[PDB]
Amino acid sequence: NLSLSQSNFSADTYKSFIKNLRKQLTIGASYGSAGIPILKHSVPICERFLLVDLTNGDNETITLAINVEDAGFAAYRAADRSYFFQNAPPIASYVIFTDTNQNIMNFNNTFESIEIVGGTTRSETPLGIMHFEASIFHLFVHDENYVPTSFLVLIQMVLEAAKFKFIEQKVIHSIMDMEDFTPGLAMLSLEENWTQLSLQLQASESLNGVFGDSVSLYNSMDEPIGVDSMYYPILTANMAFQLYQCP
């Protein structure tokens, strides 16, 4: 299992981890004109999950199951316990973490769901090395008070960073500067639009790289940039892989 430990969490090791996570997610990816790998689709449930190990500051380790189709967390394991999101594929519990005490979390693996259940938003949830660390702990013991914010942290710092080099770089800045951060409009607009950028990029094949709709991406100055084509470096050099959307 690909793994990342708080014990060895330098900008380099973080970067290698994200690079390898992308590599593994994109095995058997298709490609369009844009050159951005499109994740696999219609994957047999037995092959649908990539397992990733995260370890906090004191050798407590969780294993997260990532759905290779959408780069989302379906479930995770801590010791001989496991926890499945309500919208995980219904057959997943027969395939992953079969020899554990399995449990169902009563919320979906989406930001909307996790934010409502936890009563707190990404904009007010700090990110950084110590938050990563503590998030792993709270998941390890499954302290229900902290499980939703723990997922906001880890989804963003692992999965969303894998999706977008911009976000990977926000975390690197955070490691180098020894400064936690909250995601601003730039980061959130990427997260919000991953699905829609996926669709537009694929749809653009029949319009010389031009999108059917514009997508607003904010820069670090909170200025909105309309991306209505593939000819924006802030998309094309940023989004590392896409959701399958079009034939």
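Numbers for residues come from their place in the sequence shown, where the first is 1.
- Stretches compared: 107-115, 164-172. Higher mean C-alpha B-factor in the entry: 107-115.
- For the pair 153-161 and 119-127, the mean B factor over Cα atoms is greater in 119-127.
- Looking at 210, 178, 62, 197, the one whose CA carries the top B-factor in the deposited record is 178.
- Residue 15 sits in the middle third of its chain by CA B factor, as recorded in the PDB entry.
- For residue 141, the recorded CA B-factor ranks within the middle third of the chain. Only modelled residues enter the ranking.
- Ranked by Cα temperature factor within the chain, residue 134 sits in the lowest third according to the deposited record.
- Looking at the C-alpha B-factors along this chain, the one for residue 24 belongs to the highest third.
- Annotation for residue 35: CA B-factor lies in the middle third of the chain's modelled residues.
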